[PDB]
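Protein sequence lines correspond, in order, to chains B and A.
Under PDB author numbering, read the first sequence as residues 1 to 275, 279 to 288, first letter to last.
Under PDB author numbering, read the second sequence as residues 1 to 275, 279 to 288, first letter to last.
Beta carbons are placed, not taken as given, at the ideal position from N, Cα and C, and that holds for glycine.
There are 2 protein chains.
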Amino acid sequence: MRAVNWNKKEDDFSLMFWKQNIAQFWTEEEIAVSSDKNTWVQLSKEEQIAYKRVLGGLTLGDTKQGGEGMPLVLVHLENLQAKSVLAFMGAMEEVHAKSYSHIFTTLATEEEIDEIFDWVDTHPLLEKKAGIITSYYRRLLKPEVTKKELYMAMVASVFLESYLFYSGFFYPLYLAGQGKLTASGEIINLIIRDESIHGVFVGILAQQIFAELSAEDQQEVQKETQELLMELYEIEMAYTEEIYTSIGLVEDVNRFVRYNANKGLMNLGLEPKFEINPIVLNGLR
Amino acid sequence: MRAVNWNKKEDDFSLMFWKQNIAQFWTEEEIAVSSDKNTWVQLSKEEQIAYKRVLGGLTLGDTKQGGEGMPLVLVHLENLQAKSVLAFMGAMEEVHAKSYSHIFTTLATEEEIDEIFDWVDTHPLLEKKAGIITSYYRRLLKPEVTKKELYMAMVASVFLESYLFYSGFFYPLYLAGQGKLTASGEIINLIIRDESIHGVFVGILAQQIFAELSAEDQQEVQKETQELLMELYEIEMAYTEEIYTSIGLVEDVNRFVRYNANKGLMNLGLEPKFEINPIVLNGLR
């Protein structure tokens with residue numbers, strides 16, 4: 001039974017991604033958020049509610065990626081070096097999820113925080129899309145999986161970390177781009193910095209497994225991937241309308257979602273399927 | 001579907017163990033090993049061979065813990081804060097496994113390293129020990145598991161990290177306690193510092209599950225736990241004889257194994273079943 005041996009490369013990219021993930025390591029204790037209170041209070045009730053809701057949805061995303069996605073993808077990988085990288089990525093997803101609670105602690109009372117997480121747990125659209133994603137992971141709860149099943153779980157992973165998250169990243173970035181909630185915005189930028197390389201790395205692994213499939217299996221998962229993309233897209237447009245109508249940002253967020261959908265497709269080596280907001284861009288600075 | 005909420009504790013210990021794991025974070029680049037060459041060359045061939053073999057055995061252990069044990073235990077947990085800690089621990093197991101390659105890089109040529117890893121992969125006792133432990137993990141590759149199955153996977157985990165590893169930790173510690181290979185010994189001490197709190201944490205989780213089992217189930221897993229303990233012990237006594245007879249350390253290591261078996265049992269809230280070498284103690288200093 002094989003032990004991991006980093007003195008003999010199993011691929012051409014796991015070492016560089018390992019090094020980069022470690023280089024980018026951070027924890028929430030490093031960013032004090034209390035100074036955000038001064039711009040928090042300038043927001044309206046509806047703006048504050050949108051902010052808490054999208055952070056709640058992001059926390060659900062990281063909870064599923066660290067606790068289900070990365071574990072079940074990595075456990076079936078034969079590349080032990082790539083396995084190491086995914087394990088580190090899953091731990092950093094839990095750092096991300098914890099960093100959202102660090103923001104909440106400064107911005108909300110204990111009762112308001114419990115409102116958030118109860119709204120997350122009972123929200124029908126969050127349940128629907130998190131459930132579509134994790135169904136691909138739960139398919140891996142067996143001793144032997146097919147490469148079709150492992151590939152599609154990787155697709156699901158890229159679509160969550162490169163694509164579905166950005167309906168939520170939009171608003172912290174938009175506010176930070178206007179000088180509001182900028183310390184929380186630095187936390188979100190750290191998270192995004194990790195998520196970007198997570199999506200690139202899983203996409204590379206996916207392309208490698210795709211190339212190992214029979215022609216029939218490739219045709220099947222190419223079609224499934226495009227169906228999944230648009231199933232999630234349809235759900236995400238209902239999500240953005242529910243979250244952002246109150247604050248007049250529905251169509252701006254949708255443009256951001258399509259932009260990042262294109263990046264997730266490219267992370268998978270696939271062509272774009274849709275045609279950055281300058282305030283958001285300023286929040287990424 | 002629930003997101004992790006750290007502003008409402010799910011238990012009385014996950015936050016403390018989260019903070020400590022993070023506080024203890026390290027990676028191999030922090031410890032240069034080149035200065036160990038000056039005591040490496042003073043060891044005999046038999047001593048150099050034992051050292052390479054036990055580090056190879058240790059790497060296999062961490063490879064299976066980070067890539068199988070932690071993912072398959074954590075994924076079935078209902079406690080999302082505990083899930084977070086385990087994901088971080090599995091990541092640190094991969095840091096540990098990689099640190100062993102960093103030592104090898106200073107001490108062995110590229111060809112000698114590949115010999116090590118081939119000896120690990122084909123070695124019958126290592127295959128047997130890892131095979132027994134991971135069989136408890138692979139039982140968790142299904143959608144629904146029993147608490148007996150999850151409990152015995154946690155037992156397997158404690159027995160590996162608190163107990164089976166120490167037939168290997170003995171020798172780097174014994175040499176470091178004498179001023180030999182002290183930089184590698186510092187790496188081994190950081191690994192042990194992580195492993196100790198790993199076994200404690202998983203042991204706490206096992207005791208929580210144990211208290212939920214029916215009395216009949218409790219007695220069944222107590223019997224399995226005692227049998228597994230002694231089955232592994234019998235294999236380790238053959239392993240120490242194989243590794244350490246050439247260098248006269250067999251009975252010293254056996255005593256170290258019994259000492260750490262007792263610690264693993266205690267991590268599980270169980271009574272000791274066996275009755279530290281002072282140089283090993285100085286290597287831990």
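Looking only at its own chain, which residues have a Cβ that is under 6 Å from the Cβ of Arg258 of chain A, when we skip the five neighbours before and after it?
Counting from one through the second sequence, the residue named residue 258 of chain A turns up at place 258. Taken in chain order, the residues that qualify are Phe274.
Same chain, Cβ closer than 7 Å to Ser167 of chain B, five either side skipped, listed in chain order
Translated into positions along the first sequence, residue 167 of chain B becomes position 167. Only residues of its own chain outside the window of five on either side were considered, and among them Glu236, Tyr239, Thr240, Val253, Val257 have a CB closer than 7 Å to the CB of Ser167 of chain B, listed in chain order.
Is there at least one Cβ from chain B nearer than 9 Å to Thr59 of chain A's Cβ?
Locating residue 59 of chain A in the second sequence gives position 59, counting from the first residue. With 9 Å as the cut-off, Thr59 of chain A counts as an interface residue toward chain B.
Nearest-angstrom Cβ-Cβ length linking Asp121 of chain B and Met1 of chain A, presumed shorter than 8 Å:
Reading the first sequence from its first residue, position 121 is the one you call residue 121 of chain B. Reading the second sequence from its first residue, position 1 is the one you call residue 1 of chain A. At roughly 6 Å, the Cβ-Cβ gap stays under 8 Å, so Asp121 of chain B and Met1 of chain A are in contact.
Flag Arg255 of chain B as yes if its beta-carbon sits less than 9 Å from any beta-carbon of chain A, otherwise no.
Within the first sequence, the letter at position 255 stands for residue 255 of chain B. Output row for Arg255 of chain B: interface = no.
Please classify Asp12 of chain B as buried or exposed, where buried requires at least 16 other C-beta atoms within 10 Å of its C-beta.
Counted from its first residue, the first sequence places residue 12 of chain B at position 12. Looking at its Cβ environment, which holds fewer than 16 other Cβ atoms inside 10 Å, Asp12 of chain B is exposed.
Contact between the segment 160–175 of chain A and the segment 191–198 of chain A: three or more CB pairs below 8 Å?
Yes, the segment 160–175 of chain A touches the segment 191–198 of chain A.
If you measure beta-carbon to beta-carbon, which residues of the segment 83–115 of chain A are closer than 7 Å to chain B?
Answer set for the segment 83–115 of chain A: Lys83, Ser84, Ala87, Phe88, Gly90, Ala91, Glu94, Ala97, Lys98, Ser101, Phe104, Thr105, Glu110, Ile113, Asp114.
Apart from the five residues just before and just after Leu213 of chain A, which ones in its own chain have a Cβ nearer than 8 Å to its Cβ?
Counting from 1 along the second sequence, the entry for residue 213 of chain A is found at position 213. Contacts found: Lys147, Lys148, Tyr151, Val221.
Quick one: which residues of the segment 179–190 of chain A get their C-beta closer than 7 Å to a C-beta of chain B? List them in chain order.
Of all residues in the segment 179–190 of chain A, none has a Cβ within less than 7 Å of some Cβ in chain B.
Taking 9 Å as the threshold (beta carbon to beta carbon), is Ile279 of chain A in contact with chain B?
Walking along the second sequence from the start, residue 279 of chain A turns up at place 276. No, its Cβ sits nowhere closer than 9 Å to a Cβ of chain B.
Would you verify that the beta carbon of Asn7 of chain A is, or is not, closer than 9 Å to some beta carbon of chain B?
Position 7 of the second sequence, counted from the start, is the residue given in the question as residue 7 of chain A. It does: the Cβ of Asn7 of chain A has a partner Cβ on chain B nearer than 9 Å.
Please say whether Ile133 of chain B and residue 293 of chain B have beta carbons closer to each other than 9 Å?
Since the first residue of chain B shown is 1 and the last is 288, residue 293 of chain B is not available in this structure.
For a contact meaning CB atoms closer than 9 Å, what does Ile22 of chain A contact in chain B?
Residue numbering aside, residue 22 of chain A sits at position 22 when the second sequence is read from its first letter. Annotation: Cβ neighbours of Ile22 of chain A in chain B (cutoff 9 Å, chain order): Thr27, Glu29, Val95.
Run through chain A and tell me which residues come within less than 8 Å of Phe117 of chain B, C-beta to C-beta.
Residue mapping note: residue 117 of chain B aligns to position 117 of the first sequence, counting from 1. Residues of chain A passing the Cβ test: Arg2, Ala3, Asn5, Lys8.
Roughly how far, in whole angstroms, is the beta-carbon of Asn189 of chain B from the beta-carbon of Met89 of chain B, given that I think they are within contact range, below 8 Å?
For the purposes of this step, residue 189 of chain B is taken as residue 189 along the first sequence, with counting starting at 1. For the purposes of this step, residue 89 of chain B is taken as residue 89 along the first sequence, with counting starting at 1. Wrong, their Cβ atoms sit about 18 Å apart, outside the cutoff.
Is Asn5 of chain B buried or exposed, if buried means 16 or more other CB atoms sit within 10 Å of its CB?
Locating residue 5 of chain B in the first sequence gives position 5, counting from the first residue. Of the other Cβ atoms in all chains shown, 16 or more fall within 10 Å of the Cβ of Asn5 of chain B; this residue is therefore buried.
Any C-beta of chain A under 9 Å from that of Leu284 of chain B
Here residue 284 of chain B refers to the residue found at position 281 when the first sequence is read from its first residue. Not a single C-beta of chain A is nearer than 9 Å to the C-beta of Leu284 of chain B.
Listing by chain order, which chain B residues have their CB less than 9 Å from the CB of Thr63 of chain A?
Indexing the second sequence from 1 puts residue 63 of chain A at position 63. Those are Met1, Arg2, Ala3, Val4, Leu80, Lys83, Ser84, listed as they occur along chain B.
List in chain order: all unbroken alpha helix (DSSP H) runs of 4+ residues lying wholly within the segment 196–253 of chain A.
DSSP runs (the alpha helix (DSSP H)) wholly in the segment 196–253 of chain A: 215–244.
Could you check if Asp62 of chain B is buried or exposed, using at least 16 other CB atoms within 10 Å of its CB as the buried criterion?
One-based indexing of the first sequence puts residue 62 of chain B at position 62. Buried: at least 16 other Cβ atoms inside 10 Å.
Check each residue of the segment 191–205 of chain B: if its Cβ is closer than 8 Å to any Cβ of chain A, include it; give the result in chain order.
Within the segment 191–205 of chain B, no residue has a Cβ that lies closer than 8 Å to any Cβ of chain A.
Based on Cα-Cα distance, which residue from A:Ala3, A:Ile49, A:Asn79, A:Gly57 lies nearest to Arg53 of chain B?
For the purposes of this step, residue 53 of chain B is taken as the residue at position 53 of the first sequence. Nearest to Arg53 of chain B by alpha-carbon distance, out of A:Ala3, A:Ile49, A:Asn79, A:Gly57, is A:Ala3.
Which listed residue (B:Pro143, B:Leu175, B:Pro272) has its alpha carbon closest to that of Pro281 of chain B:
In the first sequence, counting from the first residue as 1, residue 281 of chain B sits at position 278. In this structure, B:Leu175 is the residue among B:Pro143, B:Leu175, B:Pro272 with its C-alpha nearest to the C-alpha of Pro281 of chain B.
According to DSSP, is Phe256 of chain A helix, strand or coil?
Walking along the second sequence from the start, residue 256 of chain A turns up at place 256. Helix.
Quick check on DSSP: helix, strand or coil for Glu161 of chain B?
Within the first sequence, residue 161 of chain B is the residue found at index 161, counting from 1. Here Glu161 of chain B sits in helix by DSSP.
When the Cβ atoms of the segment 27–45 of chain B are set against those of the segment 59–76 of chain B, are three or more pairs found closer than 8 Å?
Output reads no: the segment 59–76 of chain B does not touch the segment 27–45 of chain B.
Could I get the ranges of all uninterrupted beta strand (DSSP E) runs contained in the segment 77–157 of chain A, with 3 residues as the minimum, in chain order?
For the segment 77–157 of chain A, not a single whole beta strand (DSSP E) run of length 3 or above is found.
Length of the line joining the Cα atoms of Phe104 of chain B and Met92 of chain A
As a working note, residue 104 of chain B is residue 104 in the first sequence. As a working note, residue 92 of chain A is residue 92 in the second sequence. For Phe104 of chain B and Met92 of chain A, the distance between alpha carbons rounds to 28 Å.
Please classify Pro172 of chain B: does DSSP put it in a helix, a strand, or coil?
Here residue 172 of chain B refers to the residue found at position 172 when the first sequence is read from its first residue. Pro172 of chain B falls in the helix class under three-state DSSP.
Whose CA, out of A:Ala82, A:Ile204, A:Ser34, lies closest to the CA of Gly264 of chain A?
Against the second sequence, residue 264 of chain A aligns to sequence position 264. When the alpha-carbon of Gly264 of chain A is set against those of A:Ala82, A:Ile204, A:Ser34, the nearest one is in A:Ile204.
Helix, strand or coil for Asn21 of chain A? Go by DSSP, reduced to three states.
Looking up residue 21 of chain A in the second sequence gives position 21. Here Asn21 of chain A sits in helix by DSSP.
Quick check on the burial criterion: 16 or more other C-beta atoms within 10 angstroms. Buried or exposed for residue 276 of chain B?
The residue list of chain B ends a segment at 275 and starts the next at 279, so residue 276 of chain B has no coordinates to report.
Listed by chain order, chain B residues near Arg138 of chain A by CB distance under 9 Å
In the second sequence, counting from the first residue as 1, residue 138 of chain A sits at position 138. Correct list: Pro143.
Mark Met230 of chain B as exposed unless 16 or more other C-beta atoms lie within 10 angstroms of its C-beta, in which case mark it buried.
Numbered from its first residue, the first sequence carries residue 230 of chain B at position 230. Exposed is the call here.
Where does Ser14 of chain A land, buried or exposed, given buried means 16+ other C-beta within 10 angstroms?
Within the second sequence, numbered from 1, the residue matching residue 14 of chain A stands at position 14. Counting every other CB atom within 10 Å of its CB across the protein chains shown gives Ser14 of chain A a total of 16 or more, marking it as buried.
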